[PDB]
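Input: a single structure, listed below in structure tokens.
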Amino acid sequence: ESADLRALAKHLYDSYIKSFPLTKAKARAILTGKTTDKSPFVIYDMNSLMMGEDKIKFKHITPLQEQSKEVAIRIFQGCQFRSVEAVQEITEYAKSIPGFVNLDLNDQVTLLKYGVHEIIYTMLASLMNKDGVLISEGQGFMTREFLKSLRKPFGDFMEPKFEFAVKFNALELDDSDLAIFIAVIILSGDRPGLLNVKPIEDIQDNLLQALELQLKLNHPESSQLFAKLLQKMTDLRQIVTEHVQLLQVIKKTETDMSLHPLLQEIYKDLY
Ligand SMILES: CCCc1c(OCCCOc2ccc3c(ccn3CC(=O)O)c2)ccc2cc(C(=O)c3ccccc3)ccc12
């Protein structure tokens with residue numbers, strides 16, 4: 001129902017603002033230079049990487065395994081730590097989606113287990129342009145070309161994300177749009193091993209109607225934006241199946257690699 005659909009939209013945009021500190025609005029301002037907090041330190045090579053890590057002079061530590069290895073491996077590790085933080089933010093957001101915490105608890109685990117990395121890549125695009133990605137809460141910017149440069153396997157984790165982002169970003173979605181799109185993703189009744197499918201679909205159906213209205217109102221001139229966004233769901237699933245495969249490569253080419261227990265849980269027997 002129309003006002004119900006707008007009340008759902010405004011609800012999700014509100015939890016979204018509450019769960020994710022670095023929104024797209026805030027990322028675009030930094031990327032584009034519109035703010036007056038702190039212009040980002042750019043990492044484009046080995047020497048600037050050293051300086052950027054070794055920055056830590058008025059901006060100090062997060063609980064990440066700081067450094068005991070080569071470059072390719074320690075960038076991977078910072079990816080891991082940050083992807084862990086993101087899971088917590090995304091779980092906090094998921095509890096706010098109406099109907100979510102009412103579902104069978106094994107289903108809640110399962111929607112999270114399969115939805116979290118799709119959401120991670122959707123929202124990473126918010127921090128990216130064609131030239132690179134904002135890192136450490138918008139304090140750093142690491143260039144696409146530096147990332148593409150990395151010794152084989154790791155060089156390949158990054159580029160697909162960039163290719164997806166420039167195209168997703170051409171949709172010009174804003175935070176209020178993303179808040180509904182991300183909930184549509186999580187409420188996906190096709191995740192392997194769901195026990196009660198129909199309650200999830202019913203909730204997703206209502207989010208779909210709300211997403212459609214939201215785009216038609218927010219983006220009047222954008223023909224078929226709703227379909228175009230749902231089409232990106234397929235680029236997202238491909239990103240994740242790709243990433244999982246690059247994970248299997250890392251187990252072969254690398255010595256002790258070692259994921260965080262939360263990440264190990266999510267990847268355990270994943271698709
Ligand atoms: C979600 C990851 C976001 C991200 C970057 O993303 C750009 C490409 C995104 O593609 C991904 C996303 C998640 C990933 C990987 C590789 C591993 N993961 C997480 C995993 O599934 O283990 C690749 C690039 C450099 C980063 C660098 C950091 C750092 O704090 C950092 C650590 C050491 C030196 C300099 C910076 C943190 C996040 C970064």
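Residue numbers start at 1 in each chain; chains themselves are named A, B, ... in the order of the structure tokens; ligands are numbered from 1 in the order shown.
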Item to complete: Can you check which residues of stretch 15-164 of chain A DSSP gives as strand (DSSP E) on the backbone and send them as a ChimeraX atom specification?
Response: /A:41-43,128-129,132-135,140-143
If you run DSSP on the backbone, which residues of stretch 38-193 of chain A are helix (DSSP H, G or I), as an mmCIF file with N, CA, C and O atoms, in the first residue's frame?
data_model
loop_
_atom_site.group_PDB
_atom_site.id
_atom_site.type_symbol
_atom_site.label_atom_id
_atom_site.label_comp_id
_atom_site.auth_asym_id
_atom_site.auth_seq_id
_atom_site.Cartn_x
_atom_site.Cartn_y
_atom_site.Cartn_z
ATOM 1 N N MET A 46 54.348 1.229 -4.147
ATOM 2 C CA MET A 46 54.971 0.615 -2.991
ATOM 3 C C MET A 46 55.422 1.645 -1.935
ATOM 4 O O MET A 46 55.215 1.453 -0.713
ATOM 5 N N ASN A 47 56.064 2.717 -2.409
ATOM 6 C CA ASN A 47 56.575 3.752 -1.520
ATOM 7 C C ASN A 47 55.460 4.504 -0.886
ATOM 8 O O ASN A 47 55.554 4.828 0.267
ATOM 9 N N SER A 48 54.390 4.812 -1.638
ATOM 10 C CA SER A 48 53.251 5.513 -0.998
ATOM 11 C C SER A 48 52.465 4.590 -0.057
ATOM 12 O O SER A 48 51.923 5.059 0.915
ATOM 13 N N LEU A 49 52.411 3.299 -0.353
ATOM 14 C CA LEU A 49 51.840 2.343 0.572
ATOM 15 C C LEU A 49 52.571 2.354 1.920
ATOM 16 O O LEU A 49 51.942 2.396 2.969
ATOM 17 N N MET A 50 53.912 2.333 1.888
ATOM 18 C CA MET A 50 54.719 2.328 3.096
ATOM 19 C C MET A 50 54.417 3.580 3.897
ATOM 20 O O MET A 50 54.183 3.520 5.081
ATOM 21 N N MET A 51 54.373 4.710 3.224
ATOM 22 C CA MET A 51 54.087 5.981 3.860
ATOM 23 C C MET A 51 52.670 6.027 4.439
ATOM 24 O O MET A 51 52.440 6.597 5.528
ATOM 25 N N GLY A 52 51.734 5.398 3.732
ATOM 26 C CA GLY A 52 50.346 5.422 4.153
ATOM 27 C C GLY A 52 50.105 4.553 5.363
ATOM 28 O O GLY A 52 49.377 4.938 6.263
ATOM 29 N N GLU A 53 50.694 3.364 5.376
ATOM 30 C CA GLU A 53 50.641 2.486 6.558
ATOM 31 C C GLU A 53 51.362 3.195 7.684
ATOM 32 O O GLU A 53 50.742 3.599 8.675
ATOM 33 N N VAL A 71 53.429 -7.428 0.740
ATOM 34 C CA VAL A 71 52.450 -6.374 0.474
ATOM 35 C C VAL A 71 51.098 -6.971 0.058
ATOM 36 O O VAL A 71 50.061 -6.643 0.640
ATOM 37 N N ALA A 72 51.130 -7.844 -0.945
ATOM 38 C CA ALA A 72 49.929 -8.475 -1.472
ATOM 39 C C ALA A 72 49.116 -9.168 -0.370
ATOM 40 O O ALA A 72 47.884 -9.022 -0.292
ATOM 41 N N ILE A 73 49.819 -9.875 0.511
ATOM 42 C CA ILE A 73 49.179 -10.568 1.610
ATOM 43 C C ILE A 73 48.637 -9.619 2.674
ATOM 44 O O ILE A 73 47.578 -9.897 3.247
ATOM 45 N N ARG A 74 49.345 -8.529 2.971
ATOM 46 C CA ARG A 74 48.840 -7.638 4.013
ATOM 47 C C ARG A 74 47.706 -6.712 3.527
ATOM 48 O O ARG A 74 46.920 -6.240 4.327
ATOM 49 N N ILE A 75 47.612 -6.476 2.229
ATOM 50 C CA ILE A 75 46.434 -5.781 1.691
ATOM 51 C C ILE A 75 45.209 -6.709 1.747
ATOM 52 O O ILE A 75 44.095 -6.292 2.107
ATOM 53 N N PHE A 76 45.439 -7.973 1.423
ATOM 54 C CA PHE A 76 44.424 -9.005 1.552
ATOM 55 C C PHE A 76 43.860 -9.052 2.978
ATOM 56 O O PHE A 76 42.640 -9.053 3.187
ATOM 57 N N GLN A 77 44.758 -9.054 3.944
ATOM 58 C CA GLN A 77 44.394 -9.108 5.351
ATOM 59 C C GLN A 77 43.565 -7.915 5.837
ATOM 60 O O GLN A 77 42.668 -8.085 6.653
ATOM 61 N N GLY A 78 43.887 -6.718 5.349
ATOM 62 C CA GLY A 78 43.125 -5.489 5.644
ATOM 63 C C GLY A 78 41.748 -5.535 4.989
ATOM 64 O O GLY A 78 40.774 -5.067 5.564
ATOM 65 N N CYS A 79 41.666 -6.128 3.799
ATOM 66 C CA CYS A 79 40.393 -6.467 3.177
ATOM 67 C C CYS A 79 39.534 -7.354 4.089
ATOM 68 O O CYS A 79 38.381 -7.050 4.320
ATOM 69 N N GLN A 80 40.120 -8.445 4.587
ATOM 70 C CA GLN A 80 39.475 -9.390 5.531
ATOM 71 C C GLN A 80 38.939 -8.676 6.755
ATOM 72 O O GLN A 80 37.759 -8.787 7.048
ATOM 73 N N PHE A 81 39.817 -7.989 7.503
ATOM 74 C CA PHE A 81 39.403 -7.258 8.718
ATOM 75 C C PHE A 81 38.229 -6.321 8.474
ATOM 76 O O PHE A 81 37.293 -6.255 9.283
ATOM 77 N N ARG A 82 38.306 -5.560 7.381
ATOM 78 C CA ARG A 82 37.266 -4.599 7.048
ATOM 79 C C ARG A 82 36.006 -5.354 6.615
ATOM 80 O O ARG A 82 34.895 -4.987 6.994
ATOM 81 N N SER A 83 36.161 -6.425 5.843
ATOM 82 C CA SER A 83 34.953 -7.203 5.489
ATOM 83 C C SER A 83 34.277 -7.792 6.760
ATOM 84 O O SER A 83 33.074 -7.923 6.820
ATOM 85 N N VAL A 84 35.037 -8.032 7.820
ATOM 86 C CA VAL A 84 34.466 -8.488 9.094
ATOM 87 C C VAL A 84 33.626 -7.405 9.806
ATOM 88 O O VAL A 84 32.519 -7.664 10.290
ATOM 89 N N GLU A 85 34.195 -6.207 9.923
ATOM 90 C CA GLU A 85 33.488 -5.054 10.417
ATOM 91 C C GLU A 85 32.165 -4.907 9.659
ATOM 92 O O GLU A 85 31.128 -4.615 10.243
ATOM 93 N N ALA A 86 32.229 -5.049 8.332
ATOM 94 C CA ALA A 86 31.027 -4.812 7.468
ATOM 95 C C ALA A 86 29.949 -5.795 7.731
ATOM 96 O O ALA A 86 28.805 -5.447 7.607
ATOM 97 N N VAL A 87 30.313 -7.049 8.013
ATOM 98 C CA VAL A 87 29.336 -8.078 8.372
ATOM 99 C C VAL A 87 28.576 -7.673 9.595
ATOM 100 O O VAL A 87 27.367 -7.874 9.687
ATOM 101 N N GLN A 88 29.276 -7.108 10.579
ATOM 102 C CA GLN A 88 28.577 -6.691 11.809
ATOM 103 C C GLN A 88 27.604 -5.544 11.496
ATOM 104 O O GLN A 88 26.497 -5.445 12.058
ATOM 105 N N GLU A 89 28.023 -4.615 10.640
ATOM 106 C CA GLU A 89 27.165 -3.491 10.389
ATOM 107 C C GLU A 89 25.940 -4.084 9.656
ATOM 108 O O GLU A 89 24.833 -3.768 9.970
ATOM 109 N N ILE A 90 26.180 -4.933 8.666
ATOM 110 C CA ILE A 90 25.068 -5.489 7.848
ATOM 111 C C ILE A 90 24.050 -6.337 8.642
ATOM 112 O O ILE A 90 22.825 -6.243 8.431
ATOM 113 N N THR A 91 24.558 -7.142 9.582
ATOM 114 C CA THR A 91 23.725 -7.849 10.578
ATOM 115 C C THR A 91 22.871 -6.896 11.459
ATOM 116 O O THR A 91 21.647 -7.103 11.662
ATOM 117 N N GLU A 92 23.497 -5.831 11.966
ATOM 118 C CA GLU A 92 22.742 -4.826 12.683
ATOM 119 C C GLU A 92 21.613 -4.292 11.768
ATOM 120 O O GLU A 92 20.457 -4.209 12.169
ATOM 121 N N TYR A 93 21.949 -3.925 10.521
ATOM 122 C CA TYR A 93 20.909 -3.443 9.622
ATOM 123 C C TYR A 93 19.806 -4.499 9.397
ATOM 124 O O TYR A 93 18.627 -4.158 9.411
ATOM 125 N N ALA A 94 20.201 -5.764 9.191
ATOM 126 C CA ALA A 94 19.252 -6.839 8.854
ATOM 127 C C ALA A 94 18.182 -7.067 9.951
ATOM 128 O O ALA A 94 17.014 -7.326 9.640
ATOM 129 N N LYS A 95 18.557 -6.924 11.217
ATOM 130 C CA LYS A 95 17.599 -7.025 12.343
ATOM 131 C C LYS A 95 16.482 -6.007 12.305
ATOM 132 O O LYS A 95 15.364 -6.303 12.765
ATOM 133 N N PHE A 100 12.176 -9.774 9.676
ATOM 134 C CA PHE A 100 13.425 -10.538 9.707
ATOM 135 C C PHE A 100 13.645 -11.327 10.984
ATOM 136 O O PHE A 100 13.847 -12.522 10.950
ATOM 137 N N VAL A 101 13.567 -10.675 12.145
ATOM 138 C CA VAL A 101 13.829 -11.391 13.419
ATOM 139 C C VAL A 101 12.735 -12.320 13.851
ATOM 140 O O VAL A 101 12.880 -13.013 14.856
ATOM 141 N N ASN A 102 11.674 -12.362 13.067
ATOM 142 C CA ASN A 102 10.489 -13.202 13.346
ATOM 143 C C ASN A 102 10.576 -14.504 12.629
ATOM 144 O O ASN A 102 9.839 -15.459 12.935
ATOM 145 N N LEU A 105 15.102 -19.023 13.213
ATOM 146 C CA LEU A 105 16.467 -18.541 13.448
ATOM 147 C C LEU A 105 17.537 -19.163 12.499
ATOM 148 O O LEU A 105 18.506 -18.497 12.057
ATOM 149 N N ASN A 106 17.399 -20.433 12.161
ATOM 150 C CA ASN A 106 18.345 -21.008 11.200
ATOM 151 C C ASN A 106 18.220 -20.305 9.827
ATOM 152 O O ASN A 106 19.156 -20.206 9.083
ATOM 153 N N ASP A 107 17.033 -19.836 9.490
ATOM 154 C CA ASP A 107 16.884 -19.078 8.252
ATOM 155 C C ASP A 107 17.535 -17.707 8.316
ATOM 156 O O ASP A 107 18.005 -17.235 7.308
ATOM 157 N N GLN A 108 17.527 -17.078 9.487
ATOM 158 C CA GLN A 108 18.118 -15.760 9.660
ATOM 159 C C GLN A 108 19.628 -15.880 9.417
ATOM 160 O O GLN A 108 20.220 -15.048 8.728
ATOM 161 N N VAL A 109 20.233 -16.925 10.015
ATOM 162 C CA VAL A 109 21.652 -17.268 9.827
ATOM 163 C C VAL A 109 21.956 -17.499 8.358
ATOM 164 O O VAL A 109 22.942 -17.036 7.816
ATOM 165 N N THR A 110 21.098 -18.238 7.708
ATOM 166 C CA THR A 110 21.314 -18.595 6.325
ATOM 167 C C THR A 110 21.183 -17.401 5.359
ATOM 168 O O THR A 110 21.955 -17.278 4.447
ATOM 169 N N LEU A 111 20.191 -16.538 5.557
ATOM 170 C CA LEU A 111 20.061 -15.290 4.738
ATOM 171 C C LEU A 111 21.302 -14.387 4.872
ATOM 172 O O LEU A 111 21.800 -13.800 3.916
ATOM 173 N N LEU A 112 21.824 -14.332 6.090
ATOM 174 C CA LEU A 112 23.020 -13.548 6.407
ATOM 175 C C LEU A 112 24.260 -14.176 5.762
ATOM 176 O O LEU A 112 25.027 -13.536 4.995
ATOM 177 N N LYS A 113 24.450 -15.451 6.081
ATOM 178 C CA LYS A 113 25.506 -16.257 5.468
ATOM 179 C C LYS A 113 25.652 -16.018 3.932
ATOM 180 O O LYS A 113 26.739 -15.684 3.437
ATOM 181 N N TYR A 114 24.554 -16.088 3.195
ATOM 182 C CA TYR A 114 24.614 -15.864 1.710
ATOM 183 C C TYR A 114 24.436 -14.445 1.161
ATOM 184 O O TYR A 114 24.758 -14.160 0.005
ATOM 185 N N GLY A 115 23.851 -13.569 1.959
ATOM 186 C CA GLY A 115 23.545 -12.196 1.512
ATOM 187 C C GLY A 115 24.698 -11.218 1.790
ATOM 188 O O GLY A 115 24.825 -10.210 1.157
ATOM 189 N N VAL A 116 25.503 -11.495 2.807
ATOM 190 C CA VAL A 116 26.436 -10.492 3.356
ATOM 191 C C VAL A 116 27.494 -10.028 2.311
ATOM 192 O O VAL A 116 27.817 -8.820 2.219
ATOM 193 N N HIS A 117 28.014 -10.956 1.502
ATOM 194 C CA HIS A 117 29.028 -10.545 0.524
ATOM 195 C C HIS A 117 28.454 -9.854 -0.675
ATOM 196 O O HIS A 117 29.113 -8.975 -1.210
ATOM 197 N N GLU A 118 27.240 -10.230 -1.101
ATOM 198 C CA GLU A 118 26.515 -9.420 -2.088
ATOM 199 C C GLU A 118 26.351 -7.955 -1.614
ATOM 200 O O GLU A 118 26.529 -6.998 -2.377
ATOM 201 N N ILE A 119 25.963 -7.790 -0.372
ATOM 202 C CA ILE A 119 25.817 -6.453 0.207
ATOM 203 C C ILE A 119 27.159 -5.745 0.315
ATOM 204 O O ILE A 119 27.271 -4.600 -0.008
ATOM 205 N N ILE A 120 28.172 -6.444 0.732
ATOM 206 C CA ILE A 120 29.502 -5.870 0.754
ATOM 207 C C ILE A 120 29.944 -5.323 -0.580
ATOM 208 O O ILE A 120 30.403 -4.198 -0.657
ATOM 209 N N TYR A 121 29.756 -6.059 -1.663
ATOM 210 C CA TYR A 121 30.188 -5.471 -2.972
ATOM 211 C C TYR A 121 29.279 -4.333 -3.433
ATOM 212 O O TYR A 121 29.761 -3.372 -3.986
ATOM 213 N N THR A 122 27.957 -4.436 -3.182
ATOM 214 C CA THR A 122 27.021 -3.330 -3.538
ATOM 215 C C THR A 122 27.537 -2.084 -2.842
ATOM 216 O O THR A 122 27.682 -1.023 -3.453
ATOM 217 N N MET A 123 27.855 -2.199 -1.557
ATOM 218 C CA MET A 123 28.173 -0.964 -0.822
ATOM 219 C C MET A 123 29.614 -0.502 -1.055
ATOM 220 O O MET A 123 29.860 0.657 -0.973
ATOM 221 N N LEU A 124 30.545 -1.404 -1.381
ATOM 222 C CA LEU A 124 31.913 -1.002 -1.768
ATOM 223 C C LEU A 124 31.869 -0.097 -2.985
ATOM 224 O O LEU A 124 32.642 0.845 -3.072
ATOM 225 N N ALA A 125 30.988 -0.391 -3.967
ATOM 226 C CA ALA A 125 30.866 0.506 -5.114
ATOM 227 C C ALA A 125 30.654 1.959 -4.699
ATOM 228 O O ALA A 125 31.149 2.871 -5.390
ATOM 229 N N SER A 136 40.078 2.849 4.995
ATOM 230 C CA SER A 136 40.141 3.372 6.395
ATOM 231 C C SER A 136 39.171 4.515 6.660
ATOM 232 O O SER A 136 39.583 5.617 7.011
ATOM 233 N N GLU A 137 37.884 4.254 6.516
ATOM 234 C CA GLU A 137 36.881 5.239 6.866
ATOM 235 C C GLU A 137 37.007 6.508 6.024
ATOM 236 O O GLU A 137 36.600 7.569 6.464
ATOM 237 N N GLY A 138 37.529 6.400 4.798
ATOM 238 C CA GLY A 138 37.665 7.585 3.942
ATOM 239 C C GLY A 138 38.956 8.361 4.149
ATOM 240 O O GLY A 138 39.121 9.458 3.600
ATOM 241 N N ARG A 144 43.117 1.997 -8.342
ATOM 242 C CA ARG A 144 42.786 0.806 -9.139
ATOM 243 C C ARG A 144 44.004 0.130 -9.767
ATOM 244 O O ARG A 144 44.171 -1.106 -9.721
ATOM 245 N N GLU A 145 44.847 0.952 -10.366
ATOM 246 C CA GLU A 145 46.081 0.489 -11.010
ATOM 247 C C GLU A 145 47.100 -0.097 -10.037
ATOM 248 O O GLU A 145 47.771 -1.107 -10.347
ATOM 249 N N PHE A 146 47.172 0.455 -8.834
ATOM 250 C CA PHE A 146 48.046 -0.175 -7.858
ATOM 251 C C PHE A 146 47.501 -1.539 -7.525
ATOM 252 O O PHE A 146 48.229 -2.550 -7.539
ATOM 253 N N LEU A 147 46.186 -1.593 -7.275
ATOM 254 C CA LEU A 147 45.570 -2.865 -6.927
ATOM 255 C C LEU A 147 45.644 -3.900 -8.057
ATOM 256 O O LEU A 147 45.757 -5.100 -7.776
ATOM 257 N N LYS A 148 45.578 -3.436 -9.313
ATOM 258 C CA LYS A 148 45.591 -4.317 -10.476
ATOM 259 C C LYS A 148 46.997 -4.867 -10.658
ATOM 260 O O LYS A 148 47.175 -5.938 -11.227
ATOM 261 N N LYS A 152 50.268 -12.116 -8.996
ATOM 262 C CA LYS A 152 49.053 -12.568 -9.714
ATOM 263 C C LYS A 152 47.795 -12.622 -8.892
ATOM 264 O O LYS A 152 46.945 -11.708 -9.032
ATOM 265 N N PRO A 153 47.675 -13.687 -8.026
ATOM 266 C CA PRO A 153 46.363 -14.083 -7.496
ATOM 267 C C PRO A 153 45.617 -12.865 -6.936
ATOM 268 O O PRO A 153 44.462 -12.659 -7.290
ATOM 269 N N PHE A 154 46.311 -12.065 -6.115
ATOM 270 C CA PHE A 154 45.763 -10.921 -5.391
ATOM 271 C C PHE A 154 45.415 -9.758 -6.294
ATOM 272 O O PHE A 154 44.391 -9.114 -6.100
ATOM 273 N N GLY A 155 46.250 -9.513 -7.294
ATOM 274 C CA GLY A 155 45.902 -8.606 -8.379
ATOM 275 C C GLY A 155 44.496 -8.835 -8.904
ATOM 276 O O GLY A 155 43.852 -7.906 -9.389
ATOM 277 N N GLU A 159 39.993 -5.926 -9.299
ATOM 278 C CA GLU A 159 39.484 -5.505 -10.614
ATOM 279 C C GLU A 159 37.998 -5.806 -10.953
ATOM 280 O O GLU A 159 37.290 -4.912 -11.469
ATOM 281 N N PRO A 160 37.530 -7.053 -10.701
ATOM 282 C CA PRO A 160 36.084 -7.285 -10.963
ATOM 283 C C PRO A 160 35.153 -6.369 -10.182
ATOM 284 O O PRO A 160 34.117 -5.974 -10.711
ATOM 285 N N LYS A 161 35.526 -6.028 -8.951
ATOM 286 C CA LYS A 161 34.753 -5.139 -8.104
ATOM 287 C C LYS A 161 34.698 -3.770 -8.770
ATOM 288 O O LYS A 161 33.657 -3.119 -8.738
ATOM 289 N N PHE A 162 35.796 -3.354 -9.405
ATOM 290 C CA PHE A 162 35.895 -2.020 -9.990
ATOM 291 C C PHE A 162 35.041 -1.966 -11.245
ATOM 292 O O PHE A 162 34.361 -0.998 -11.510
ATOM 293 N N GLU A 163 35.147 -3.010 -12.042
ATOM 294 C CA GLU A 163 34.338 -3.150 -13.258
ATOM 295 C C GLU A 163 32.817 -3.076 -12.885
ATOM 296 O O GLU A 163 32.084 -2.289 -13.468
ATOM 297 N N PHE A 164 32.375 -3.838 -11.886
ATOM 298 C CA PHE A 164 30.955 -3.740 -11.397
ATOM 299 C C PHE A 164 30.567 -2.349 -10.930
ATOM 300 O O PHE A 164 29.511 -1.830 -11.261
ATOM 301 N N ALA A 165 31.439 -1.736 -10.131
ATOM 302 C CA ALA A 165 31.148 -0.433 -9.526
ATOM 303 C C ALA A 165 30.902 0.699 -10.508
ATOM 304 O O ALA A 165 29.986 1.516 -10.309
ATOM 305 N N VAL A 166 31.744 0.818 -11.558
ATOM 306 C CA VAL A 166 31.600 1.947 -12.489
ATOM 307 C C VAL A 166 30.227 1.882 -13.183
ATOM 308 O O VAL A 166 29.574 2.893 -13.371
ATOM 309 N N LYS A 167 29.800 0.684 -13.510
ATOM 310 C CA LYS A 167 28.461 0.470 -14.074
ATOM 311 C C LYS A 167 27.336 0.601 -13.036
ATOM 312 O O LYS A 167 26.322 1.249 -13.295
ATOM 313 N N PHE A 168 27.539 0.094 -11.829
ATOM 314 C CA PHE A 168 26.442 0.228 -10.843
ATOM 315 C C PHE A 168 26.263 1.694 -10.489
ATOM 316 O O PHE A 168 25.144 2.202 -10.353
ATOM 317 N N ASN A 169 27.400 2.377 -10.366
ATOM 318 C CA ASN A 169 27.469 3.776 -10.056
ATOM 319 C C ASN A 169 26.810 4.690 -11.105
ATOM 320 O O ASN A 169 26.338 5.795 -10.764
ATOM 321 N N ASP A 175 21.644 6.755 -1.118
ATOM 322 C CA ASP A 175 21.512 5.991 0.123
ATOM 323 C C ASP A 175 20.085 5.535 0.393
ATOM 324 O O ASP A 175 19.843 4.387 0.815
ATOM 325 N N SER A 176 19.124 6.410 0.103
ATOM 326 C CA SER A 176 17.726 6.057 0.395
ATOM 327 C C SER A 176 17.259 4.922 -0.545
ATOM 328 O O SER A 176 16.484 4.097 -0.140
ATOM 329 N N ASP A 177 17.749 4.900 -1.788
ATOM 330 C CA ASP A 177 17.534 3.775 -2.736
ATOM 331 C C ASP A 177 18.241 2.471 -2.280
ATOM 332 O O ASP A 177 17.644 1.403 -2.284
ATOM 333 N N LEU A 178 19.529 2.597 -1.943
ATOM 334 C CA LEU A 178 20.364 1.474 -1.521
ATOM 335 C C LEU A 178 19.802 0.812 -0.300
ATOM 336 O O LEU A 178 19.929 -0.397 -0.177
ATOM 337 N N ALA A 179 19.300 1.602 0.671
ATOM 338 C CA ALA A 179 18.731 0.983 1.840
ATOM 339 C C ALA A 179 17.638 -0.069 1.481
ATOM 340 O O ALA A 179 17.649 -1.164 2.059
ATOM 341 N N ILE A 180 16.778 0.187 0.491
ATOM 342 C CA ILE A 180 15.760 -0.851 0.114
ATOM 343 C C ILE A 180 16.353 -1.993 -0.711
ATOM 344 O O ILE A 180 16.051 -3.137 -0.494
ATOM 345 N N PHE A 181 17.213 -1.654 -1.664
ATOM 346 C CA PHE A 181 17.876 -2.649 -2.499
ATOM 347 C C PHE A 181 18.623 -3.641 -1.629
ATOM 348 O O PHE A 181 18.517 -4.824 -1.820
ATOM 349 N N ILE A 182 19.337 -3.178 -0.604
ATOM 350 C CA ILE A 182 20.091 -4.115 0.229
ATOM 351 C C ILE A 182 19.193 -5.069 1.047
ATOM 352 O O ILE A 182 19.542 -6.263 1.344
ATOM 353 N N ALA A 183 18.030 -4.569 1.438
ATOM 354 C CA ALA A 183 17.089 -5.416 2.152
ATOM 355 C C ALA A 183 16.489 -6.456 1.168
ATOM 356 O O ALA A 183 16.219 -7.584 1.518
ATOM 357 N N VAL A 184 16.270 -6.066 -0.058
ATOM 358 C CA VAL A 184 15.746 -7.029 -1.069
ATOM 359 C C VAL A 184 16.710 -8.195 -1.225
ATOM 360 O O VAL A 184 16.311 -9.376 -1.265
ATOM 361 N N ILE A 185 17.978 -7.868 -1.352
ATOM 362 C CA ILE A 185 19.052 -8.904 -1.375
ATOM 363 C C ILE A 185 19.020 -9.872 -0.209
ATOM 364 O O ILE A 185 19.031 -11.067 -0.417
ATOM 365 N N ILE A 186 19.000 -9.363 1.025
ATOM 366 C CA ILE A 186 19.039 -10.224 2.193
ATOM 367 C C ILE A 186 17.817 -11.148 2.253
ATOM 368 O O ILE A 186 17.947 -12.300 2.595
#
Worksheet, complete the sentence: Min atom-atom distance to residue A:70 from the set A:261, A:135, A:151, A:170, counting only C-alpha atoms, belongs to A:151
Worksheet item: From the set A:158, A:17, A:249, A:64, which residue has the shortest atom-to-atom contact distance to ligand 1, counting only C-alpha atoms and all ligand atoms?
Response: A:158
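Distance annotation: of A:16, A:141, A:157, A:44, the residue with the minimal separation from ligand 1 is A:157; atom set is only C-alpha atoms and all ligand atoms.
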Worksheet entry | Residue nearest ligand 1 - candidates A:200, A:225, A:244, A:230, atoms counted: only C-alpha atoms and all ligand atoms |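 Under the stated criterion, the closest residue is A:244.
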Worksheet item: Which residue, A:41, A:13, A:226, A:271, has the smallest gap to ligand 1 when you use only C-alpha atoms and all ligand atoms?
Response: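 When distances to ligand 1 are compared using only C-alpha atoms and all ligand atoms, the smallest one comes from A:41.
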